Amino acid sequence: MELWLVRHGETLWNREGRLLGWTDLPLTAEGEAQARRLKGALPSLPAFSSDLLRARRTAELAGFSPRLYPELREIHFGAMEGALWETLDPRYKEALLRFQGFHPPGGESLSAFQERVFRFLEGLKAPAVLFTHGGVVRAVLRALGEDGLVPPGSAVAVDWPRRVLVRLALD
């Protein structure tokens, strides 16, 4: 089933390299610019969005009026929220890089994150545009056997749960 996953525009922590999860940061000026560039580049399909500010605002600037679902939220980093990637302990960096076995204190385990995301995708009844987060797009891409990193404000269309159709990056 055709689904378009959109990574929200940049926030300050994306520039600073800090783990951004449920911290409700706003888009930067550049992030809003990136969101506007998406308007007209995405198909006219029903839309869904994470309820976090940066995602909702991206959907709005991209010309959509999405139905909100917390299930589309980025992973909850708990006590690691805001931690600099640079300073992340080796076993944590690798855990995140290999995308396997991770459960920060006060947060969500990667397993719970995946279950939440995939259960949501399974429930979709028709093609749609999903405004969501980097970690969500990465979970989906990795499950499809591909590199899960995409630029902020970019999108990826997939035939769920089979393959990636296209990666759309705008400048």
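Start at 1 and count along the sequence shown; that's the residue number.
Colleague: Pick between 72 to 80 and 88 to 96: the one whose mean CA B-factor in the entry is higher.
Modeller: The stretch with the larger mean CA B-factor is 88 to 96.
Colleague: Can you let me know which of the two, 137 to 145 or 100 to 108, has the higher average C-alpha B-factor in the entry?
Modeller: Per the deposited B-factors, the answer is 100 to 108.
Colleague: Which has the highest CA B-factor per the PDB entry: 165, 1, 170, 6?
Modeller: Highest C-alpha B-factor among the listed options: 170.
Colleague: Using the entry's values, work out which of 53, 59, 128, 41 has the largest Cα B factor.
Modeller: Going by the entry's C-alpha B-factors, 41 comes out highest.
Colleague: Grab the CA temperature factor for residue 150 from the record and place it in the lowest, middle or highest third of its chain.
Modeller: According to the entry, residue 150 has a C-alpha B-factor in the chain's highest third.
Colleague: Please rank the C-alpha B-factors of the chain's modelled residues and tell me whether residue 121 sits in the lowest, middle or highest third.
Modeller: Lowest third, going by the recorded CA B-factors of the chain.
Colleague: What third of the chain, by the recorded C-alpha B-factor, contains residue 12?
Modeller: Highest third, going by the recorded CA B-factors of the chain.
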